[PDB]
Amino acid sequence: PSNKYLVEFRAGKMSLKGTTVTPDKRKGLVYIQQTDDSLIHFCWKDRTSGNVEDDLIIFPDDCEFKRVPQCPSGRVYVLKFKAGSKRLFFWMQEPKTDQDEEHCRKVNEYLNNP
């Protein structure tokens, strides 16, 4: 028996430089995990290596996870840290869109509820 992710979905990363957001081509996975100290972790894993390469401890009202309407060739989402300039960008990698909005809802619900 092992603790399971609260939500997970396939997604790649993108990087912002200056004003330009450019995709990273790797297959990845966004997930939210509650560790046994009750803390909530927003994570990104490289699906090819299996390496967890982002692991952020998030508290209620730190963040919003929002669709980015400025990109028409993908389903791009941003984890925005409301207090400063920190932003993490992701592009959905599920073949269909029919769970995108539910995944977005669940991310916001788990990050912003105590």
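The numbering used is simple: start at 1 and walk along the sequence shown.
*Asks:* Which is higher in the entry, the mean Cα B factor of 65-73 or that of 36-44?
*Replies:* Comparing 36-44 with 65-73, the higher average CA B-factor belongs to 65-73.
*Asks:* Looking at the deposited entry, does 52-60 or 80-88 carry the larger mean Cα B-factor?
*Replies:* Mean CA B-factor is higher for 80-88.
*Asks:* Determine which member of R10, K17, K106, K13 has the highest CA B-factor, using the values in the deposited entry.
*Replies:* Top of the list by C-alpha B-factor: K17.
*Asks:* C-alpha B factor of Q93, ranked within the chain: lowest, middle or highest third?
*Replies:* Tercile = lowest for this residue's CA B-factor.
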